[PDB]
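Read the single chain below, which is given as structure tokens and is the form deposited in one PDB entry.
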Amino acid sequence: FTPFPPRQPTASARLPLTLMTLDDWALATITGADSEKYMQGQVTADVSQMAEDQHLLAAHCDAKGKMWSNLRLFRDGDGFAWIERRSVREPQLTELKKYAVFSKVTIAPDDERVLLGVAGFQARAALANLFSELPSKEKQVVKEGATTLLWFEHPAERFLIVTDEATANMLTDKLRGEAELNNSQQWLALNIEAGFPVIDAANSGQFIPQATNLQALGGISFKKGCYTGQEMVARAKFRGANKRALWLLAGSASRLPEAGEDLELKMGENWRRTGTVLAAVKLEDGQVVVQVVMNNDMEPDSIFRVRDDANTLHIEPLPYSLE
């Protein structure tokens, strides 16, 4: 079917109708009688209380609570599928499979299905012509034949499509010259804007889930039964235990910081390396936008920069509360 070529991404507010190939994300599945039990023991979400029409962003942690990756989970066949960054799928699956020697599950990558995104102006009306039913806030996953559609509210309405090559080709042919075409960087920009954490390889194993605000995004149950890393995830909820959070910065820079890179914070006439970048994109309207993990008590008027840059970044209020 083939990835779409990149064009410079746009902020959600000004984003035209856009169809994207999500090549930098990747799919995996679990099937078998023990699918729910097995996943319940390895992720932060309560998968026993996930309906067929729901999807959520969970964490898969090691025994110390550090996330191999977050993952967007939904029911698929008699088990689950999930989407995470391609750069971490291989090690994530190795670590997930460590406990499955005798369990009634089969865990595998899925590179047969195609991941697409639809976003921007009138995305819903454009798609309503191409599928009988679309997902919505009231029914967040819809399935039609080979296709699974996931609804997102943030930062503006958009849809993630999990489908076969034939349907991907149909959609592309039907929307060509109406939807702009872009690649993963546009979906990435939207996740940065929404404050939804992205974990690439450099950041695998580095963060407890709450350092990336996952508790505020519905990704952690504190009442479910035991799972790998649970004790440490629970400890991070104590008053004052976790000192990090995920932030949204915007401004200008001469280069994008890489995942795992630090930024610099201004203080007096000095600059101090601070934080860990998760993702960054340069937008059409000129700004660099950056998702970063740093201390949860940064002053709102803090001034940042990409290391040694002539220009600066500032905090854009996160669109959801951490209270």
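Residues carry their position along the shown sequence, with the first being 1. Here the rigid core means the biggest group of C-alpha atoms that line up within 1.5 Å when the two forms are laid on top of each other.
Here 148-156 and 165-173 are compared by their mean Cα B-factor, and 165-173 comes out higher. Comparing 49-57 with 282-290, the higher mean C-alpha B-factor in the PDB entry belongs to 282-290. The maximum CA B-factor among the listed residues 127, 198, 71, 115, taken from the PDB record, is found at 127. Residues shown: 180, 231, 193, 76. Highest C-alpha temperature factor in the entry: 231. For residue 18, the recorded CA temperature factor ranks within the lowest third of the chain's modelled residues. Looking at the C-alpha B-factors along this chain, the one for residue 102 belongs to the middle third.
In the deposited entry, the Cα temperature factor of residue 243 places it in the highest third of its chain's modelled residues. Per the PDB record, residue ranking by Cα B-factor puts residue 136 in the middle third of the chain.
Remark: residue 215 belongs to the middle third of its chain, ranked by C-alpha B-factor as recorded.
Unshown form deposited in another entry; subsequent notes refer to it.
Once the core is superposed between the shown form and the other one, every option in 185, 206, 242, 103 stays below 2 Å in C-alpha shift except 242. Fitting the two forms on the rigid core leaves the C-alpha of residue 20 displaced by under 2 angstroms between the shown form and the other one. Once both forms are fitted on their core, the CA shift for residue 48 between the shown form and the other one remains under 2 Å. Taking the rigid core as fixed, one finds a CA shift for residue 270 of 2 Å or more between the shown form and the other one.
In contrast to the form presented, in that other deposited form the C-alpha positions of residue 241 and residue 64 spread farther apart by 3 Å or more.
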